[PDB]
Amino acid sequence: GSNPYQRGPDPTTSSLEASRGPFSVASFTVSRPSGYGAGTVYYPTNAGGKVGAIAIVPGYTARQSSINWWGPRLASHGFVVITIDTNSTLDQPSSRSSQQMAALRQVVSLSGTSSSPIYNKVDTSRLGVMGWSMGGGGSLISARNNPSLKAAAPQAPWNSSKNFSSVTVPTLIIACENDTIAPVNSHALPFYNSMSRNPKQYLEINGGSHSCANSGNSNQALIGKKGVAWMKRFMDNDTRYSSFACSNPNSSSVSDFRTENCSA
């Protein structure tokens, strides 16, 4: 008769393009990271119920600063977000995947720890994955290896293997038109095209370099709208976001849009 995961007010274009959603955000540094280098956890202080959790991994040679604009942006719409540093900045995609999953397990542990900042705030069954470049490849690996995940939204992903045909997790691939590190016809698009079993989307950012979805990017209105919408639609089953998640945004900031198995 209702959706027990639905949080917050009805979305609008304006509300999804803003710097912050409806919820207030707080954060903390993980004191004793387990299975990864470091982490910051971002959370809504006033979501009104448990929320899903998302682990976000940087790229090769990069740190939390590359991807952490997502922390406040997603948390303010009703997600617990952990942004990590890897054990080494040189870690490869499969290692990044292992560390991403370790970070999710630690969020679950923290939600289960009395007097932690996020005690009982996480729906431990509703988890998702994001990350940049090798961390984006790692997110796809995570999805392949962990079909219980509710959503994936890698950005400018890089991976040697391109065959994600087994993936059943709803997956948004954020791509960068002018990517010359993970060029789209070698990385993002083969990954997208390999997937026949899931809701999926290809969102290519017009003029984007490899770092087009990183902190400080010039397209936070569009990219943040789409990432939040995807996570709402699939992490929360929130059908108010079906339009925003599944439809072509008709944006001058998008150079290519493709989607399948996603009803608007």
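Start at 1 with the first residue shown and count on from there.
Novice: Name the higher of the two by mean Cα B-factor in the PDB entry, 124-132 versus 161-169.
Specialist: Comparing 124-132 with 161-169, the higher average CA B-factor belongs to 161-169.
Novice: Using the temperature factors in the entry, find which of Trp230, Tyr202, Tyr36, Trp70 has the highest value at its Cα atom.
Specialist: Answer, based on the entry's C-alpha B-factors: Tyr36.
Novice: Can you tell me whether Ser88 has a C-alpha B-factor in the lowest, middle or highest third compared with the other modelled residues of the same chain?
Specialist: Highest third - that is where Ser88 ends up once the chain's C-alpha B-factors are sorted.
Novice: Mind checking which third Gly52 falls in for C-alpha B-factor across the chain?
Specialist: According to the entry, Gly52 has a C-alpha B-factor in the chain's lowest third.
Novice: Which third, lowest, middle or highest, does the C-alpha temperature factor of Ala26 belong to within its own chain?
Specialist: Its C-alpha B-factor, which the entry lists for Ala26, ranks in the middle third among residues of this chain.
Novice: Place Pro147 in the lowest, middle or highest third of its chain's C-alpha B-factors, as listed in the PDB entry.
Specialist: Tercile = highest for this residue's CA B-factor.
Novice: Please place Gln100 in the lowest, middle or highest third of its chain by C-alpha B factor as given in the entry.
Specialist: Tercile = lowest for this residue's CA B-factor.
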